[PDB]
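**Q** Sharing a structure, written as structure tokens. Questions coming.
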There are 4 protein chains.
Amino acid sequence: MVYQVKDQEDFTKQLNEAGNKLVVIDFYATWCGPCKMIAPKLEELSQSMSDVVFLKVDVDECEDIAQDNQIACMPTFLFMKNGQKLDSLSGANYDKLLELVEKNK
Amino acid sequence: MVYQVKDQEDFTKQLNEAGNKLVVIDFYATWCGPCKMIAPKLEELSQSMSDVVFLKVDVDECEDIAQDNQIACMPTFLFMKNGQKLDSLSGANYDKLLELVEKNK
Amino acid sequence: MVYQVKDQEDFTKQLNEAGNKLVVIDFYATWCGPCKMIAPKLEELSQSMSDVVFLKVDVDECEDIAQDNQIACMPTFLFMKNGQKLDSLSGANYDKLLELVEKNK
Amino acid sequence: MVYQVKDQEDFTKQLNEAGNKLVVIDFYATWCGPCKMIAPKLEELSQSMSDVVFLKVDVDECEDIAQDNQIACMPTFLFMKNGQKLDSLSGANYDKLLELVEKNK
């Protein structure tokens with residue numbers, strides 16, 4: 001399942017909760033077509049990979065987080081591990097997302 | 001001057017008032033860095049080109065309009081004339097914006 | 001400034017560009033004395049009232065438009081808003097014209 | 001039958017041709033509804049009264065004549081006899097037209 005970050009404090013809580021696991025955060029908007037298309041794939045990845053944590057941030061609900069993370073395209077995937085930014089991916093490119101997951105997990 | 005469209009009907013109203021003029025629409029968000037980066041240039045352009053209508057849509061304020069135009073990367077510049085789409089530009093490339101204005105005005 | 005409509009399509013175009021503004025249309029003829037008598041006043045009015053659109057139709061040049069609006073006595077002032085008729089005034093009565101502009105703007 | 005005056009010289013020829021008869025001249029336009037409604041009545045009057053001459057002037061074809069006669073409303077009926085103006089009637093008022101004919105013939 002893909003947990004929706006509620007605010008900044010929640011984002012920190014989820015990063016802590018992840019432990020040493022790679023965290024993949026999907027920055028998305030409800031008005032964004034490509035975001036909707038890929039969400040089910042993310043949910044499936046979420047249900048299958050136990051060594052990765054998947055989160056999502058609705059940019060219209062968390063504009064502060066969107067701004068702090070310099071989001072410009074939807075969806076954007078941020079790859080973090082032990083609080084550190086490892087990679088970013090702009091757009092709904094599933095294969096590239098998978099490559100980054102395999103590489104950083 | 002770059003007019004901010006308030007909602008779907010207002011968007012339609014502005015498109016009619018444009019008459020036969022090229023209309024350039026900036027889909028943006030207040031949390032978007034490149035959007036803020038190019039905004040002043042659009043404003044300067046609009047003060048000079050009285051034969052082109054410049055509009056802006058805050059995607060957080062008008063999520064329905066954003067969905068209608070499948071916005072993904074911001075800013076997005078949509079070029080229209082007589083209510084019909086002519087071109088689209090993703091990202092804050094000022095030279096490309098001028099080229100498309102030149103082509104379509 | 002009082003714009004001269006060139007034909008049926010041009011009339012439609014101007015009515016759209018008016019947006020939500022009162023549109024006042026002077027149906028006139030170059031052989032009509034009272035028409036020429038009031039024309040300069042309409043022009044002066046139009047220079048002041050930027051919130052009202054002033055148009056003129058030469059009935060000899062656009063006989064089809066004249067027929068569409070069953071013009072009979074000239075000048076005739078037709079008052080429109082959003083493509084729809086609001087009022088009509090036959091003859092060059094400046095005070096009546098101002099009253100109708102005031103009522104309908 | 002109602003003869004259509006072709007130009008100024010023709011108007012003088014027809015006034016001469018009328019002799020001592022009352023002449024009723026219908027100033028009209030093809031785009032004018034009330035003009036069309038009453039024309040058949042004029043033709044009937046024309047076919048029945050042998051002591052009156054009926055003429056018509058299309059204002060779009062004879063703008064000079066329209067101007068010289070200070071026409072402003074359609075139809076306008078001018079009543080002449082032996083070259084002299086006796087009366088004018090603005091509008092499609094058949095009873096008033098008949099009164100003026102009976103009075104001046």
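Convention: chains lettered A, B, ... in structure tokens order; per-chain residue numbering from 1; ligands numbered from 1 as shown.
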Residues of chain C near chain D: apply a cut-off of 10 Å, count only C-alpha atoms, and supply the list as an MDAnalysis selection string.
**A** chainID C and resid 28:35 59:76 90:91
**Q** With N, CA and C atoms kept, could you save the residues just selected as an mmCIF file, in the first residue's frame?
**A**
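See again.cif below for the written result:
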```cif
data_model
loop_
_atom_site.group_PDB
_atom_site.id
_atom_site.type_symbol
_atom_site.label_atom_id
_atom_site.label_comp_id
_atom_site.auth_asym_id
_atom_site.auth_seq_id
_atom_site.Cartn_x
_atom_site.Cartn_y
_atom_site.Cartn_z
ATOM 1 N N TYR C 28 -27.166 53.165 -39.194
ATOM 2 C CA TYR C 28 -27.213 54.485 -39.809
ATOM 3 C C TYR C 28 -27.045 54.404 -41.307
ATOM 4 N N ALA C 29 -27.225 55.545 -41.970
ATOM 5 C CA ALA C 29 -26.988 55.646 -43.400
ATOM 6 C C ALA C 29 -26.332 56.982 -43.652
ATOM 7 N N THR C 30 -25.477 57.039 -44.670
ATOM 8 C CA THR C 30 -24.753 58.263 -45.009
ATOM 9 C C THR C 30 -25.655 59.337 -45.617
ATOM 10 N N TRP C 31 -26.864 58.955 -46.011
ATOM 11 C CA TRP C 31 -27.830 59.919 -46.538
ATOM 12 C C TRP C 31 -28.806 60.407 -45.471
ATOM 13 N N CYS C 32 -28.569 60.006 -44.222
ATOM 14 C CA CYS C 32 -29.483 60.299 -43.119
ATOM 15 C C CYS C 32 -29.008 61.477 -42.275
ATOM 16 N N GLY C 33 -29.738 62.587 -42.323
ATOM 17 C CA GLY C 33 -29.345 63.775 -41.578
ATOM 18 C C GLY C 33 -29.210 63.601 -40.067
ATOM 19 N N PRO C 34 -30.279 63.155 -39.410
ATOM 20 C CA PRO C 34 -30.158 62.943 -37.965
ATOM 21 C C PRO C 34 -29.024 61.976 -37.596
ATOM 22 N N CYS C 35 -28.725 60.993 -38.456
ATOM 23 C CA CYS C 35 -27.614 60.079 -38.193
ATOM 24 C C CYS C 35 -26.303 60.857 -38.069
ATOM 25 N N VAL C 59 -26.276 50.757 -43.071
ATOM 26 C CA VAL C 59 -27.308 49.849 -43.585
ATOM 27 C C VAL C 59 -27.221 49.612 -45.098
ATOM 28 N N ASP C 60 -26.589 50.543 -45.812
ATOM 29 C CA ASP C 60 -26.366 50.396 -47.253
ATOM 30 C C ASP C 60 -25.228 49.426 -47.531
ATOM 31 N N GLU C 61 -24.280 49.358 -46.609
ATOM 32 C CA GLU C 61 -23.142 48.466 -46.754
ATOM 33 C C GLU C 61 -23.476 47.056 -46.243
ATOM 34 N N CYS C 62 -24.340 46.974 -45.231
ATOM 35 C CA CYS C 62 -24.698 45.703 -44.615
ATOM 36 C C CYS C 62 -26.206 45.529 -44.572
ATOM 37 N N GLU C 63 -26.831 45.457 -45.742
ATOM 38 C CA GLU C 63 -28.281 45.357 -45.818
ATOM 39 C C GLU C 63 -28.800 44.100 -45.114
ATOM 40 N N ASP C 64 -28.030 43.015 -45.173
ATOM 41 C CA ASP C 64 -28.422 41.779 -44.489
ATOM 42 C C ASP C 64 -28.541 41.964 -42.974
ATOM 43 N N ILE C 65 -27.551 42.617 -42.365
ATOM 44 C CA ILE C 65 -27.620 42.897 -40.929
ATOM 45 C C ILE C 65 -28.825 43.785 -40.595
ATOM 46 N N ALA C 66 -29.047 44.808 -41.408
ATOM 47 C CA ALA C 66 -30.198 45.676 -41.204
ATOM 48 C C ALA C 66 -31.488 44.870 -41.211
ATOM 49 N N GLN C 67 -31.630 43.996 -42.196
ATOM 50 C CA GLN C 67 -32.829 43.172 -42.258
ATOM 51 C C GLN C 67 -32.957 42.297 -40.998
ATOM 52 N N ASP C 68 -31.846 41.717 -40.549
ATOM 53 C CA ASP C 68 -31.853 40.873 -39.349
ATOM 54 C C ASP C 68 -32.415 41.583 -38.121
ATOM 55 N N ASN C 69 -32.245 42.897 -38.059
ATOM 56 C CA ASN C 69 -32.607 43.628 -36.854
ATOM 57 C C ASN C 69 -33.845 44.489 -37.033
ATOM 58 N N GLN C 70 -34.611 44.166 -38.073
ATOM 59 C CA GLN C 70 -35.723 44.987 -38.552
ATOM 60 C C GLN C 70 -35.572 46.462 -38.207
ATOM 61 N N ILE C 71 -34.556 47.075 -38.795
ATOM 62 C CA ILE C 71 -34.382 48.515 -38.716
ATOM 63 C C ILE C 71 -35.486 49.154 -39.543
ATOM 64 N N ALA C 72 -36.047 50.251 -39.044
ATOM 65 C CA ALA C 72 -37.027 51.027 -39.791
ATOM 66 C C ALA C 72 -36.696 52.536 -39.815
ATOM 67 N N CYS C 73 -36.658 53.184 -38.646
ATOM 68 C CA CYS C 73 -36.279 54.601 -38.522
ATOM 69 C C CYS C 73 -34.795 54.747 -38.135
ATOM 70 N N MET C 74 -34.093 55.720 -38.713
ATOM 71 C CA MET C 74 -32.676 55.913 -38.385
ATOM 72 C C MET C 74 -32.346 57.296 -37.829
ATOM 73 N N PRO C 75 -31.330 57.372 -36.958
ATOM 74 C CA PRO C 75 -30.552 56.208 -36.519
ATOM 75 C C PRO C 75 -31.359 55.306 -35.591
ATOM 76 N N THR C 76 -31.041 54.017 -35.577
ATOM 77 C CA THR C 76 -31.529 53.125 -34.529
ATOM 78 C C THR C 76 -30.367 52.654 -33.657
ATOM 79 N N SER C 90 -35.208 54.354 -31.377
ATOM 80 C CA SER C 90 -35.328 54.936 -32.716
ATOM 81 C C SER C 90 -35.192 56.442 -32.642
ATOM 82 N N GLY C 91 -34.323 57.009 -33.472
ATOM 83 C CA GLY C 91 -34.200 58.451 -33.557
ATOM 84 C C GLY C 91 -32.996 58.964 -32.788
#
```
**Q** Can you provide chain C as a PDB file with C-alpha atoms, in the first residue's frame, superposed onto chain A by least squares across all C-alpha atoms matched in order?
**A**
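The resulting superposed_19.pdb:
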```pdb
ATOM      1  CA  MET C   1       0.723  -0.260   0.326  1.00  0.00           C
ATOM      2  CA  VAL C   2       1.476   3.376  -0.629  1.00  0.00           C
ATOM      3  CA  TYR C   3       0.992   5.621   2.425  1.00  0.00           C
ATOM      4  CA  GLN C   4      -0.174   9.221   1.913  1.00  0.00           C
ATOM      5  CA  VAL C   5       1.892  11.701   3.933  1.00  0.00           C
ATOM      6  CA  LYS C   6      -0.357  14.181   5.718  1.00  0.00           C
ATOM      7  CA  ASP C   7       2.147  17.004   6.408  1.00  0.00           C
ATOM      8  CA  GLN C   8       5.806  17.887   7.074  1.00  0.00           C
ATOM      9  CA  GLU C   9       6.013  16.198  10.488  1.00  0.00           C
ATOM     10  CA  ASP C  10       4.273  13.089   9.190  1.00  0.00           C
ATOM     11  CA  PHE C  11       6.820  13.005   6.346  1.00  0.00           C
ATOM     12  CA  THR C  12       9.628  13.102   8.897  1.00  0.00           C
ATOM     13  CA  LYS C  13       7.944  10.398  10.962  1.00  0.00           C
ATOM     14  CA  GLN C  14       7.646   8.031   7.967  1.00  0.00           C
ATOM     15  CA  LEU C  15      11.267   8.645   6.985  1.00  0.00           C
ATOM     16  CA  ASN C  16      12.366   7.582  10.474  1.00  0.00           C
ATOM     17  CA  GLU C  17      10.151   4.506  10.547  1.00  0.00           C
ATOM     18  CA  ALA C  18      11.742   3.449   7.261  1.00  0.00           C
ATOM     19  CA  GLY C  19      14.871   2.594   9.220  1.00  0.00           C
ATOM     20  CA  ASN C  20      17.528   1.683   6.668  1.00  0.00           C
ATOM     21  CA  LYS C  21      15.105   0.895   3.823  1.00  0.00           C
ATOM     22  CA  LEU C  22      14.983   2.692   0.487  1.00  0.00           C
ATOM     23  CA  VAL C  23      12.058   5.131   0.564  1.00  0.00           C
ATOM     24  CA  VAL C  24      10.359   6.019  -2.718  1.00  0.00           C
ATOM     25  CA  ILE C  25       8.145   9.139  -2.696  1.00  0.00           C
ATOM     26  CA  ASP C  26       5.603   9.921  -5.436  1.00  0.00           C
ATOM     27  CA  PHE C  27       4.828  13.645  -5.669  1.00  0.00           C
ATOM     28  CA  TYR C  28       1.530  13.837  -7.539  1.00  0.00           C
ATOM     29  CA  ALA C  29      -1.662  15.779  -8.118  1.00  0.00           C
ATOM     30  CA  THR C  30      -5.231  14.568  -8.601  1.00  0.00           C
ATOM     31  CA  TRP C  31      -5.487  16.660 -11.780  1.00  0.00           C
ATOM     32  CA  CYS C  32      -2.413  14.975 -13.290  1.00  0.00           C
ATOM     33  CA  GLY C  33      -3.095  12.314 -15.922  1.00  0.00           C
ATOM     34  CA  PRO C  34       0.262  10.542 -15.975  1.00  0.00           C
ATOM     35  CA  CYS C  35       0.155  10.516 -12.139  1.00  0.00           C
ATOM     36  CA  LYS C  36      -3.102   8.538 -12.145  1.00  0.00           C
ATOM     37  CA  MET C  37      -1.725   6.384 -14.986  1.00  0.00           C
ATOM     38  CA  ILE C  38       1.214   5.102 -12.908  1.00  0.00           C
ATOM     39  CA  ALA C  39      -0.368   5.101  -9.441  1.00  0.00           C
ATOM     40  CA  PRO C  40      -1.731   1.532  -9.671  1.00  0.00           C
ATOM     41  CA  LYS C  41       1.677   0.210 -10.719  1.00  0.00           C
ATOM     42  CA  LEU C  42       3.354   1.863  -7.723  1.00  0.00           C
ATOM     43  CA  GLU C  43       0.715   0.276  -5.530  1.00  0.00           C
ATOM     44  CA  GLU C  44       1.370  -3.177  -7.020  1.00  0.00           C
ATOM     45  CA  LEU C  45       5.133  -2.717  -6.599  1.00  0.00           C
ATOM     46  CA  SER C  46       4.717  -1.702  -2.960  1.00  0.00           C
ATOM     47  CA  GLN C  47       2.655  -4.794  -2.165  1.00  0.00           C
ATOM     48  CA  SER C  48       5.542  -6.980  -3.328  1.00  0.00           C
ATOM     49  CA  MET C  49       8.578  -5.081  -2.033  1.00  0.00           C
ATOM     50  CA  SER C  50       8.335  -5.178   1.764  1.00  0.00           C
ATOM     51  CA  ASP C  51      11.981  -4.046   1.923  1.00  0.00           C
ATOM     52  CA  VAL C  52      11.204  -0.661   0.340  1.00  0.00           C
ATOM     53  CA  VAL C  53       8.909   2.015   1.776  1.00  0.00           C
ATOM     54  CA  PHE C  54       6.531   3.689  -0.676  1.00  0.00           C
ATOM     55  CA  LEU C  55       5.010   7.081   0.127  1.00  0.00           C
ATOM     56  CA  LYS C  56       2.963   9.638  -1.785  1.00  0.00           C
ATOM     57  CA  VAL C  57       2.586  13.401  -1.428  1.00  0.00           C
ATOM     58  CA  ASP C  58      -0.403  15.250  -2.912  1.00  0.00           C
ATOM     59  CA  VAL C  59       1.189  18.564  -3.893  1.00  0.00           C
ATOM     60  CA  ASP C  60      -2.135  20.426  -3.538  1.00  0.00           C
ATOM     61  CA  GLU C  61      -2.544  19.103  -0.009  1.00  0.00           C
ATOM     62  CA  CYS C  62       1.109  19.621   0.999  1.00  0.00           C
ATOM     63  CA  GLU C  63       2.319  22.616  -0.993  1.00  0.00           C
ATOM     64  CA  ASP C  64       5.058  23.275   1.585  1.00  0.00           C
ATOM     65  CA  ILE C  65       6.583  19.812   1.089  1.00  0.00           C
ATOM     66  CA  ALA C  66       6.396  20.251  -2.681  1.00  0.00           C
ATOM     67  CA  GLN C  67       8.256  23.534  -2.419  1.00  0.00           C
ATOM     68  CA  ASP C  68      10.893  21.899  -0.167  1.00  0.00           C
ATOM     69  CA  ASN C  69      11.696  19.359  -2.867  1.00  0.00           C
ATOM     70  CA  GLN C  70      11.486  21.721  -5.837  1.00  0.00           C
ATOM     71  CA  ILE C  71       8.956  19.586  -7.656  1.00  0.00           C
ATOM     72  CA  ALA C  72       8.375  20.748 -11.231  1.00  0.00           C
ATOM     73  CA  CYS C  73       7.136  17.901 -13.532  1.00  0.00           C
ATOM     74  CA  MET C  74       4.702  15.243 -12.216  1.00  0.00           C
ATOM     75  CA  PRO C  75       4.747  12.606 -11.155  1.00  0.00           C
ATOM     76  CA  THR C  76       8.147  13.045  -9.522  1.00  0.00           C
ATOM     77  CA  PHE C  77       9.704  10.072  -7.744  1.00  0.00           C
ATOM     78  CA  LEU C  78      12.200  10.954  -5.036  1.00  0.00           C
ATOM     79  CA  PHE C  79      14.464   8.172  -3.716  1.00  0.00           C
ATOM     80  CA  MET C  80      15.715   8.497  -0.132  1.00  0.00           C
ATOM     81  CA  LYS C  81      17.541   6.455   2.454  1.00  0.00           C
ATOM     82  CA  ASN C  82      18.233   7.417   6.053  1.00  0.00           C
ATOM     83  CA  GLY C  83      16.645  10.827   5.512  1.00  0.00           C
ATOM     84  CA  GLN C  84      18.974  11.599   2.639  1.00  0.00           C
ATOM     85  CA  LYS C  85      18.264  12.051  -1.095  1.00  0.00           C
ATOM     86  CA  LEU C  86      19.692   9.433  -3.492  1.00  0.00           C
ATOM     87  CA  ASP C  87      18.023  10.113  -6.843  1.00  0.00           C
ATOM     88  CA  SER C  88      15.055  11.706  -8.574  1.00  0.00           C
ATOM     89  CA  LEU C  89      12.896  10.750 -11.557  1.00  0.00           C
ATOM     90  CA  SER C  90      10.532  13.087 -13.435  1.00  0.00           C
ATOM     91  CA  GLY C  91       7.645  11.558 -15.352  1.00  0.00           C
ATOM     92  CA  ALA C  92       5.823   8.235 -15.371  1.00  0.00           C
ATOM     93  CA  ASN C  93       8.531   5.954 -16.732  1.00  0.00           C
ATOM     94  CA  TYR C  94       7.934   2.590 -15.093  1.00  0.00           C
ATOM     95  CA  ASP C  95      11.094   0.932 -16.414  1.00  0.00           C
ATOM     96  CA  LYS C  96      13.232   3.818 -15.140  1.00  0.00           C
ATOM     97  CA  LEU C  97      11.453   3.611 -11.783  1.00  0.00           C
ATOM     98  CA  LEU C  98      12.332  -0.104 -11.507  1.00  0.00           C
ATOM     99  CA  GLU C  99      15.947   0.571 -12.526  1.00  0.00           C
ATOM    100  CA  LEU C 100      16.298   3.225  -9.823  1.00  0.00           C
ATOM    101  CA  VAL C 101      14.615   1.034  -7.208  1.00  0.00           C
ATOM    102  CA  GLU C 102      16.972  -1.799  -8.194  1.00  0.00           C
ATOM    103  CA  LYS C 103      20.022   0.480  -7.993  1.00  0.00           C
ATOM    104  CA  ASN C 104      19.071   2.009  -4.652  1.00  0.00           C
ATOM    105  CA  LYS C 105      17.338  -0.715  -2.619  1.00  0.00           C
TER     106      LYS C 105
END
```
**Q** Can you pull out every residue from chain A that DSSP, working from the backbone, puts in alpha helix (DSSP H), and format the result as a ChimeraX atom specification?
**A** /A:8-17,33-48,63-68,94-104
